[PDB]
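Below is one structure, written out as structure tokens, with a few remarks after it.
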Protein chains: 4
Amino acid sequence: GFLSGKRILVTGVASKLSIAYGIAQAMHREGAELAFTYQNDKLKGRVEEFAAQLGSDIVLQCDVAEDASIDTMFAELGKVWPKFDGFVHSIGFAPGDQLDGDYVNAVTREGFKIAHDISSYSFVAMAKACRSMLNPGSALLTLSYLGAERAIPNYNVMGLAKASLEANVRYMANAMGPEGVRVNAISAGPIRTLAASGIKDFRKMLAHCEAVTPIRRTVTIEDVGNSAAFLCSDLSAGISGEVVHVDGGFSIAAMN
Amino acid sequence: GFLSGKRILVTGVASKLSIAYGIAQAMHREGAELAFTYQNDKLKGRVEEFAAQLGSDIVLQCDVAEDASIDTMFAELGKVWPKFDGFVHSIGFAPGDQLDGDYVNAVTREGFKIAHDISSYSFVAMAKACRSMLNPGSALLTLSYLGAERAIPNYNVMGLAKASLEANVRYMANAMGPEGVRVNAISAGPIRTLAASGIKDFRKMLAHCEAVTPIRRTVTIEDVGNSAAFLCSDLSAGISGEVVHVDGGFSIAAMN
Amino acid sequence: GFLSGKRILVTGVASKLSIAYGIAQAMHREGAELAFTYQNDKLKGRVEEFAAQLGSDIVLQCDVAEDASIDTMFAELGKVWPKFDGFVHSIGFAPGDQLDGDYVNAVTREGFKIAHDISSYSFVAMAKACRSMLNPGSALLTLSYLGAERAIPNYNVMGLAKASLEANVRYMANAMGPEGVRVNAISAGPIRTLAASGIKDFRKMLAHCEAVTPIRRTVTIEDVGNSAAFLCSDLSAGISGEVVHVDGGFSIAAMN
Amino acid sequence: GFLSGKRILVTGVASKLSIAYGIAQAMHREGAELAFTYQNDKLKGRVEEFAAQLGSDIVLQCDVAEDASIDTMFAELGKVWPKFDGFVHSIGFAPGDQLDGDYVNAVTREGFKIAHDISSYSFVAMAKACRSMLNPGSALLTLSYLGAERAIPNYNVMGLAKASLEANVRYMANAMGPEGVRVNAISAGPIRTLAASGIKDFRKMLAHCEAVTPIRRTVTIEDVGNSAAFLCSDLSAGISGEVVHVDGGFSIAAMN
Ligand SMILES: NC(=O)c1ccc[n+]([C@@H]2O[C@H](COP(=O)([O-])OP(=O)(O)OC[C@H]3O[C@@H](n4cnc5c(N)ncnc54)[C@H](O)[C@@H]3O)[C@@H](O)[C@H]2O)c1
Ligand SMILES: NC(=O)c1ccc[n+]([C@@H]2O[C@H](COP(=O)([O-])OP(=O)(O)OC[C@H]3O[C@@H](n4cnc5c(N)ncnc54)[C@H](O)[C@@H]3O)[C@@H](O)[C@H]2O)c1
Ligand SMILES: NC(=O)c1ccc[n+]([C@@H]2O[C@H](COP(=O)([O-])OP(=O)(O)OC[C@H]3O[C@@H](n4cnc5c(N)ncnc54)[C@H](O)[C@@H]3O)[C@@H](O)[C@H]2O)c1
Ligand SMILES: NC(=O)c1ccc[n+]([C@@H]2O[C@H](COP(=O)([O-])OP(=O)(O)OC[C@H]3O[C@@H](n4cnc5c(N)ncnc54)[C@H](O)[C@@H]3O)[C@@H](O)[C@H]2O)c1
Ligand SMILES: Oc1cc(Cl)ccc1Oc1ccc(Cl)cc1Cl
Ligand SMILES: Oc1cc(Cl)ccc1Oc1ccc(Cl)cc1Cl
Ligand SMILES: Oc1cc(Cl)ccc1Oc1ccc(Cl)cc1Cl
Ligand SMILES: Oc1cc(Cl)ccc1Oc1ccc(Cl)cc1Cl
């Protein structure tokens, strides 16, 4: 595969519907060796089953709200992977109250704090912690959403965290590029996942996109995963700091 | 002038070089009634002097890091301006350690938290706090920098904070527009100010910019203040959720 | 007013609904001296009436499809305004066949040629033709549409023409800035005008926009003219090579 | 390869340094069947040698300035490829005089005409002519440059043609998407090619980029070709109307 000889760490696999899950499959189909992290014990065993299917016995607990957790995970990771080639950051979070109705009324200081910390900061946090274990030709990838670029109803403060994140991709890419590390983001169209269910009228959001999207269908985790495998492979060597839209063309069309 | 009948609240006047200062002067020259806030005790009397000069005797304290301070300032404001027509948010802050050398190495969880809290959240926190005192036709304004859109050396996490901020403008503009409130931002080119001194080799920025800028000069606080008065007056009724670049054209040129 | 002492040349007044008309009115309300051009004989007397009303008796013919017409208009202009302070380019055209149904099927080599020639080239052709009559502090302005940035149904090749136009603003701003000339564009939201009637289901555009627009209303020629007066006055000294959106916020929102 | 079972037509191979050449290699390495066009007889035999190496005996003359030439080529193409899966548009042109010094002085009506016609229109022209021979899952790709987004010295009118083109990708993608056709663009960093030699100080342009680019090197046709193979493969199914930057990160960095 085009990822043969690559060791990539994959975050965010909550279930078989997760973008991370679809991403690991594409990467594994492409010859990459994978390592998975699980946020907690509620998720532990599940992630272990998926690791096994993708031929990996590296499943480490990691909660990006904690520096020491990121730190410990990388330590256990180095035991098998002293040096690796990148990671996939598929982690996003905002307190439930943050996501519905008028943004100005919903947003609070803490919610803003948590949303930016978990969705934006965690990306660089993970980079700091493993920066020295990365081989040249490494690539990091995170997942963003159009709410970063446009004011989308109910997405509220998550739109700001995503905007922060995209700026992170640029700052990381400019800082880590000179040492052989690329950093990019896939701006994915809406996909029904556990987290998606936290946004009001997601079902109508999906149907809308399916209708107004040039390709005339919503994207799949297979679609996203394929772009992800590419962005983390040497095939995308000339791309860094880029936010690739994998939404079928939705954001470029208008009043369809 | 074109702001006659407008009562505007101006924040961030730390000195006669402050962008907020240059903005207050233009808004005063165009007929507006102003109210000033000062962050702390160190700045108080300085702000009172300028206020007096701009014919205002409404100088209230406000530390945007504290909700209670934001809430009290508006209660105090209500006593004189039960209803007013918008405010200028000219506040920014990132801990000193954050602003120099490699981004990834420089950034920390608290620096990120703080940079975002003071540079981005505070904007919406203020809007929430006075949402009901705003008259139809009200305009809210904030100041951003190109760091939001491009990875600029040393600007580091402040670029991420601005990215979040510009997103905020869009989400606030979308949320408040329905009740008669516009929200926009001026993306100002570099200007030597108190806070400007906190970035490495700023002197070279200013000169680099002066040379590669289409208008061939760096912008002024007079420049920025005229655009801000415009953006907080009825002259800009057709504009909302916009980040206008008052950088003399610097960002649209390349390899000049 | 803020344009007192400014002599501006206004193009594209086809009627009292014309954006150029609403612009001329604001520029006149702010103290500017205007000069008007009319495309042909059919429009001549109409333009003379408005001119007279806006206190001007300088009405010259100008078909931007002909260099010689552009050259003669300026020679005639020189006789009264040897030097002036900029002009408003409010001219757009694509053959009728170009504007409806599927883009690819609708577009032809000549329609493309024409749409670009009249909607984009003409802007720089006029600047070339008067480059030496422009005083320092001069401003050039043009009008664009969101079609440049997003694929909008039926707008077809005109969107490509606008894309070329917005690029022109940037290249002209960069080239002329050094001699004291700023060049910008207003990206106006839909407004019912003579040319507006040439697009399919425009009535539904206007209503769709009125509903999904942050300010909850479509912009007016008054709205656009105040932003244009601002952009052609010294109030916008810090702005050049910029495409300001006077669409009430429509483009920054999504799935409203 | 990931392009196995794909028949792609490749335009623009002038020499072994051509972006098209590097693109065909990547596509051929990935299992795709290719067909090549040559603009003229000066180029004919050369393109035939490259076709042979890439295992293709389909080399058709095509000059995109002529509808009948595009038309005839597709007719001869259908003889072997009744239906195919897409094409690579790597064609750009502007009269020599257009490319040096002050844009406003260099640009002329004809130069603008030719530059837009050959660099922008030809893309859709080719799409019109073959629209019905495309299988579902087809993808078209064109090559753009940052001069479309920023005013780059000496690029002059080519920057406008590229802006027109990028708008074309969006219009094409929105029109052809519903029938199973994606349209995208690679915005390539500077690469020394025959055409490149038409831009003043290209050598200094290259060195600059190599220094200020996050990856710290200029891109290669291998880099571009790899992204091209991906954008024309089912791997990029969720991407359409996108302008992917393959420039190492140059456009996202600032004042490096
Ligand atoms: N699904 C969509 O429609 C969509 C579209 C664009 C982008 N995204 C992004 O893709 C990523 C994956 O989202 P998803 O939709 O697949 O949902 P998901 O629920 O499958 O995955 C969310 C993941 O984030 C993890 N996470 C959150 N907080 C954590 C923490 N504190 N520490 C460690 N892990 C934590 C959860 O365990 C989970 O594995 C998110 O960034 C999301 O914003 C989603
Ligand atoms: N100066 C530049 O070149 C430039 C360019 C682009 C953007 N900006 C932005 O303009 C705004 C004003 O900054 P400036 O350059 O005029 O500098 P300045 O130092 O004169 O003012 C910044 C203001 O921030 C206030 N502030 C800091 N923390 C705050 C808090 N906790 N509570 C209340 N107020 C707070 C300070 O009192 C100060 O008045 C900032 O957002 C800045 O990022 C400046
Ligand atoms: N009306 C809208 O909703 C809207 C929105 C965005 C952009 N625009 C732009 O505003 C500008 C003015 O158009 P409008 O909507 O006011 O319509 P309008 O029909 O009132 O005016 C367009 C003008 O184009 C002039 N024109 C056409 N070909 C020209 C030529 N060959 N020589 C000289 N002049 C030429 C006509 O005389 C006419 O005055 C156009 O660029 C248009 O694309 C309009
Ligand atoms: N090389 C770079 O630095 C760079 C960067 C970004 C984008 N691009 C684009 O890539 C494409 C390929 O450029 P290149 O740099 O490889 O140069 P090149 O000289 O190898 O290729 C240019 C091709 O366009 C063809 N062409 C031009 N007019 C033609 C016509 N009338 N009909 C048919 N074919 C014609 C020429 O035969 C040639 O094959 C162009 O669009 C160029 O703008 C180049
Ligand atoms: O960002 C997303 C965008 C869409 Cl359309 C759907 C799901 C998304 O993902 C999230 C949304 C809200 C929270 Cl709290 C956490 C996550 Cl992971
Ligand atoms: O944002 C700015 C951009 C420039 Cl070019 C100059 C000064 C700026 O203002 C700040 C920079 C850093 C911090 Cl800590 C706080 C502020 Cl207010
Ligand atoms: O650009 C426009 C955009 C909108 Cl929404 C409405 C009218 C416009 O104006 C034009 C549209 C088509 C052609 Cl043929 C010429 C012009 Cl002047
Ligand atoms: O677009 C380009 C951009 C760069 Cl940096 C280098 C070469 C380019 O390609 C061209 C430039 C000018 C002409 Cl007339 C034709 C072509 Cl193909």
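The chains in the structure tokens are called A, B, ... from first to last as shown; in each chain the residues are counted from 1, and the ligands are counted from 1 in the order shown.
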
Residue 215 (chain A): which residues within 8 Å, counting only C-alpha atoms, same-chain residues fewer than 3 positions away excluded, as an mmCIF file with N, CA and C atoms, in the first residue's frame?
data_model
loop_
_atom_site.group_PDB
_atom_site.id
_atom_site.type_symbol
_atom_site.label_atom_id
_atom_site.label_comp_id
_atom_site.auth_asym_id
_atom_site.auth_seq_id
_atom_site.Cartn_x
_atom_site.Cartn_y
_atom_site.Cartn_z
ATOM 1 N N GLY A 248 -17.826 16.705 -0.534
ATOM 2 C CA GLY A 248 -18.500 16.595 -1.813
ATOM 3 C C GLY A 248 -18.647 17.871 -2.621
ATOM 4 N N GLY A 249 -18.210 19.003 -2.081
ATOM 5 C CA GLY A 249 -18.328 20.261 -2.803
ATOM 6 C C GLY A 249 -19.322 21.211 -2.164
ATOM 7 N N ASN D 174 -19.993 22.048 -9.801
ATOM 8 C CA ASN D 174 -21.381 22.152 -9.385
ATOM 9 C C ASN D 174 -22.352 21.655 -10.482
ATOM 10 N N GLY D 177 -21.104 17.504 -11.188
ATOM 11 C CA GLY D 177 -21.170 16.611 -10.051
ATOM 12 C C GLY D 177 -22.372 15.682 -10.034
ATOM 13 N N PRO D 178 -23.604 16.188 -10.253
ATOM 14 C CA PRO D 178 -24.806 15.347 -10.250
ATOM 15 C C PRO D 178 -24.785 14.123 -11.203
ATOM 16 N N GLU D 179 -23.913 14.134 -12.213
ATOM 17 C CA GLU D 179 -23.815 13.035 -13.158
ATOM 18 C C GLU D 179 -22.596 12.178 -12.889
ATOM 19 N N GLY D 180 -22.000 12.346 -11.718
ATOM 20 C CA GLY D 180 -20.862 11.528 -11.349
ATOM 21 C C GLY D 180 -19.523 12.030 -11.809
ATOM 22 N N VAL D 181 -19.360 13.341 -11.900
ATOM 23 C CA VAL D 181 -18.095 13.931 -12.340
ATOM 24 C C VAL D 181 -17.579 14.982 -11.339
ATOM 25 N N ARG D 182 -16.342 14.817 -10.871
ATOM 26 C CA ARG D 182 -15.714 15.752 -9.923
ATOM 27 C C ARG D 182 -14.750 16.599 -10.693
ATOM 28 N N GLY D 238 -14.739 12.165 -2.137
ATOM 29 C CA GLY D 238 -15.444 13.184 -1.381
ATOM 30 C C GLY D 238 -14.960 14.592 -1.617
ATOM 31 N N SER D 240 -14.561 17.696 -4.476
ATOM 32 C CA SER D 240 -14.916 18.279 -5.768
ATOM 33 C C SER D 240 -15.049 19.812 -5.636
#

>> With only C-alpha atoms as the counted atoms, please give the residues lying no more than 12 Å from residue 49 (chain B), apart from itself and same-chain residues fewer than 4 positions off, as a VMD selection string.
In response: chain B and resid 13 to 16 21 36 38 43 to 45 53 to 59

Would you output that residue set with N, CA, C and O atoms, as a short mmCIF file (atom, residue, chain, number, x, y, z; two decimals), in the first residue's frame?
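Listing of selection.cif after writing:
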data_model
loop_
_atom_site.label_atom_id
_atom_site.label_comp_id
_atom_site.auth_asym_id
_atom_site.auth_seq_id
_atom_site.Cartn_x
_atom_site.Cartn_y
_atom_site.Cartn_z
N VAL B 13 -8.01 51.53 25.77
CA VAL B 13 -7.17 52.71 25.64
C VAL B 13 -6.13 52.59 26.76
O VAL B 13 -6.46 52.66 27.95
N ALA B 14 -4.90 52.24 26.38
CA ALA B 14 -3.81 52.11 27.34
C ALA B 14 -2.92 53.34 27.21
O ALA B 14 -2.22 53.71 28.16
N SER B 15 -2.98 53.98 26.05
CA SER B 15 -2.17 55.16 25.80
C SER B 15 -2.60 55.89 24.52
O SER B 15 -3.43 55.40 23.77
N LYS B 16 -1.95 57.01 24.23
CA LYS B 16 -2.27 57.79 23.05
C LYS B 16 -1.88 57.08 21.75
O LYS B 16 -2.16 57.57 20.65
N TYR B 21 -7.57 54.30 21.16
CA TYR B 21 -7.42 55.72 21.33
C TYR B 21 -7.70 56.42 20.00
O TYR B 21 -8.47 57.36 19.93
N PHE B 36 -15.79 55.10 28.35
CA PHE B 36 -14.51 54.40 28.35
C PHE B 36 -14.37 53.43 29.50
O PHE B 36 -14.94 53.63 30.58
N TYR B 38 -11.42 50.98 31.65
CA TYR B 38 -9.99 50.80 31.91
C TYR B 38 -9.88 49.45 32.62
O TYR B 38 -10.74 49.06 33.41
N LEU B 43 -4.01 51.75 34.91
CA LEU B 43 -4.52 52.50 33.74
C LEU B 43 -5.62 53.55 33.96
O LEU B 43 -5.75 54.48 33.16
N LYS B 44 -6.35 53.43 35.06
CA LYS B 44 -7.46 54.33 35.37
C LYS B 44 -7.36 55.81 35.02
O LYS B 44 -8.09 56.29 34.14
N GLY B 45 -6.51 56.54 35.74
CA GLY B 45 -6.34 57.96 35.51
C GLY B 45 -5.94 58.35 34.11
O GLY B 45 -6.24 59.43 33.64
N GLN B 53 -10.93 64.62 27.55
CA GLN B 53 -10.59 65.29 26.32
C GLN B 53 -11.60 64.97 25.23
O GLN B 53 -11.96 65.84 24.46
N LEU B 54 -12.10 63.74 25.21
CA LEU B 54 -13.08 63.36 24.21
C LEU B 54 -14.47 63.64 24.77
O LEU B 54 -15.47 62.98 24.43
N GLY B 55 -14.51 64.66 25.62
CA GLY B 55 -15.74 65.11 26.22
C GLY B 55 -16.52 64.12 27.04
O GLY B 55 -17.69 64.39 27.36
N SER B 56 -15.91 63.01 27.45
CA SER B 56 -16.64 62.01 28.24
C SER B 56 -16.25 61.96 29.70
O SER B 56 -15.08 62.13 30.03
N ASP B 57 -17.23 61.71 30.56
CA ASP B 57 -16.99 61.58 31.98
C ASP B 57 -17.53 60.24 32.46
O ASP B 57 -17.83 60.06 33.64
N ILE B 58 -17.65 59.30 31.52
CA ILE B 58 -18.10 57.93 31.82
C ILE B 58 -16.89 57.01 31.64
O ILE B 58 -16.61 56.58 30.53
N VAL B 59 -16.14 56.78 32.72
CA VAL B 59 -14.94 55.93 32.69
C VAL B 59 -15.21 54.86 33.73
O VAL B 59 -15.31 55.15 34.92
#

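Remark: for residue 103 (chain C), the closest of the candidate residues D:60, D:254, D:12, D:173 is D:173 (distances computed over only C-alpha atoms).
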
Report as a short mmCIF file (atom, residue, chain, number, x, y, z; two decimals) with N, CA and C atoms, in the first residue's frame the set of chain C residues whose atoms approach chain D to within 8 Å, with distances computed over only C-alpha atoms.
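See part-v1.cif below for the written result:
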data_model
loop_
_atom_site.label_atom_id
_atom_site.label_comp_id
_atom_site.auth_asym_id
_atom_site.auth_seq_id
_atom_site.Cartn_x
_atom_site.Cartn_y
_atom_site.Cartn_z
N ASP C 102 -27.77 24.93 -16.77
CA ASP C 102 -26.44 24.34 -16.64
C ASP C 102 -25.32 25.18 -17.25
N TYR C 103 -24.35 25.52 -16.39
CA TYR C 103 -23.18 26.33 -16.74
C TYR C 103 -22.40 25.84 -17.94
N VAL C 104 -21.97 24.58 -17.87
CA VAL C 104 -21.16 23.96 -18.90
C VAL C 104 -21.85 23.97 -20.27
N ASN C 105 -23.15 23.73 -20.26
CA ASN C 105 -23.86 23.68 -21.52
C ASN C 105 -24.08 25.10 -22.00
N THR C 108 -19.97 29.41 -23.76
CA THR C 108 -19.40 29.31 -25.09
C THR C 108 -18.13 30.15 -25.09
N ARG C 109 -17.32 30.00 -26.14
CA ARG C 109 -16.06 30.75 -26.24
C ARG C 109 -16.33 32.26 -26.29
N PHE C 112 -17.85 33.75 -22.95
CA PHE C 112 -16.76 33.83 -21.99
C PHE C 112 -15.91 35.08 -22.29
N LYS C 113 -15.51 35.21 -23.54
CA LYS C 113 -14.70 36.32 -24.01
C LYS C 113 -15.36 37.63 -23.58
N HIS C 116 -15.91 38.35 -19.74
CA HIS C 116 -14.67 38.77 -19.13
C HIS C 116 -14.22 40.13 -19.59
N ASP C 117 -14.39 40.41 -20.88
CA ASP C 117 -13.98 41.68 -21.47
C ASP C 117 -14.70 42.87 -20.85
N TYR C 121 -12.00 43.10 -17.71
CA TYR C 121 -10.99 43.91 -18.35
C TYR C 121 -11.26 45.40 -18.29
N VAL C 124 -9.60 47.62 -15.60
CA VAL C 124 -8.20 48.04 -15.77
C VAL C 124 -7.95 48.94 -17.01
N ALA C 125 -8.73 48.73 -18.07
CA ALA C 125 -8.67 49.52 -19.30
C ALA C 125 -8.95 51.00 -19.00
N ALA C 127 -8.50 52.35 -15.93
CA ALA C 127 -7.43 52.80 -15.06
C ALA C 127 -6.20 53.14 -15.89
N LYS C 128 -5.94 52.32 -16.90
CA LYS C 128 -4.81 52.57 -17.77
C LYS C 128 -5.05 53.92 -18.41
N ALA C 148 -18.43 35.09 -7.67
CA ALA C 148 -16.98 34.96 -7.86
C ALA C 148 -16.38 33.88 -6.96
N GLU C 149 -16.88 33.82 -5.73
CA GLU C 149 -16.37 32.90 -4.74
C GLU C 149 -17.13 31.57 -4.62
N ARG C 150 -18.40 31.54 -5.02
CA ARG C 150 -19.14 30.30 -4.90
C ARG C 150 -19.88 30.02 -6.20
N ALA C 151 -20.05 28.74 -6.53
CA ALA C 151 -20.79 28.34 -7.71
C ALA C 151 -22.29 28.54 -7.41
N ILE C 152 -22.86 29.57 -8.03
CA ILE C 152 -24.27 29.93 -7.85
C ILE C 152 -25.03 29.61 -9.13
N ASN C 156 -23.60 31.44 -13.74
CA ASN C 156 -22.67 30.87 -14.66
C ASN C 156 -21.34 31.61 -14.94
N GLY C 159 -19.84 34.51 -12.87
CA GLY C 159 -19.12 34.24 -11.66
C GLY C 159 -17.62 34.20 -11.99
N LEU C 160 -17.26 33.60 -13.13
CA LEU C 160 -15.86 33.53 -13.56
C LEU C 160 -15.34 34.94 -13.86
N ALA C 161 -16.20 35.75 -14.49
CA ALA C 161 -15.86 37.13 -14.82
C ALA C 161 -15.57 37.94 -13.55
N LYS C 162 -16.36 37.71 -12.49
CA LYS C 162 -16.18 38.39 -11.21
C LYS C 162 -14.91 37.93 -10.51
N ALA C 163 -14.60 36.65 -10.64
CA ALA C 163 -13.40 36.08 -10.06
C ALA C 163 -12.20 36.81 -10.70
N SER C 164 -12.22 36.96 -12.01
CA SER C 164 -11.17 37.67 -12.73
C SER C 164 -11.13 39.11 -12.21
N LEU C 165 -12.32 39.71 -12.00
CA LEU C 165 -12.45 41.10 -11.53
C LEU C 165 -11.87 41.33 -10.16
N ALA C 167 -9.60 39.63 -8.83
CA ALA C 167 -8.17 39.45 -8.97
C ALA C 167 -7.57 40.76 -9.49
N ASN C 168 -8.28 41.38 -10.43
CA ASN C 168 -7.88 42.64 -11.05
C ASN C 168 -7.70 43.73 -9.99
N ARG C 170 -6.91 43.36 -6.90
CA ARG C 170 -5.63 43.06 -6.24
C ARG C 170 -4.37 43.42 -7.05
N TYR C 171 -4.38 43.13 -8.34
CA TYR C 171 -3.24 43.44 -9.20
C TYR C 171 -3.16 44.93 -9.47
N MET C 172 -4.30 45.60 -9.54
CA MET C 172 -4.31 47.04 -9.80
C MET C 172 -3.90 47.74 -8.52
N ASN C 174 -2.05 46.66 -6.18
CA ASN C 174 -0.63 46.47 -6.01
C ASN C 174 0.20 47.34 -6.95
N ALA C 175 -0.24 47.48 -8.20
CA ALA C 175 0.48 48.26 -9.19
C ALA C 175 0.37 49.78 -8.99
N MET C 176 -0.82 50.24 -8.65
CA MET C 176 -1.07 51.64 -8.49
C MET C 176 -0.86 52.18 -7.10
#

>> What does the list of residues within 9 Å of ligand 4 look like if you count only C-alpha atoms and all ligand atoms, written as a VMD selection string?
In response: chain D and resid 11 to 22 37 to 40 43 61 to 66 89 to 94 118 to 119 122 142 to 147 158 162 186 to 197 202 206 221 246 to 247

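Among the candidates A:100, A:30, A:222, A:234, the residue lying nearest to residue 85 (chain A) is A:234 (atoms considered: only C-alpha atoms).
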
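Backbone DSSP of region 84-119 of chain B yields strand (DSSP E or B) at residues 84, 87, 88 and 89 of chain B.
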
> Could you pull the residues within 10 Å of residue 5 (chain D), counting only C-alpha atoms, minus those fewer than 3 positions along the same chain, as a PyMOL selection string?
Replying inline: chain D and resi 1-2+8+30-33+84-85

>> Let's see if you can do this: from backbone DSSP, list all helix (DSSP H, G or I) residues in region 74-140 of chain A, as a VMD selection string.
In response: chain A and resid 74 to 78 96 to 99 103 to 106 109 to 133
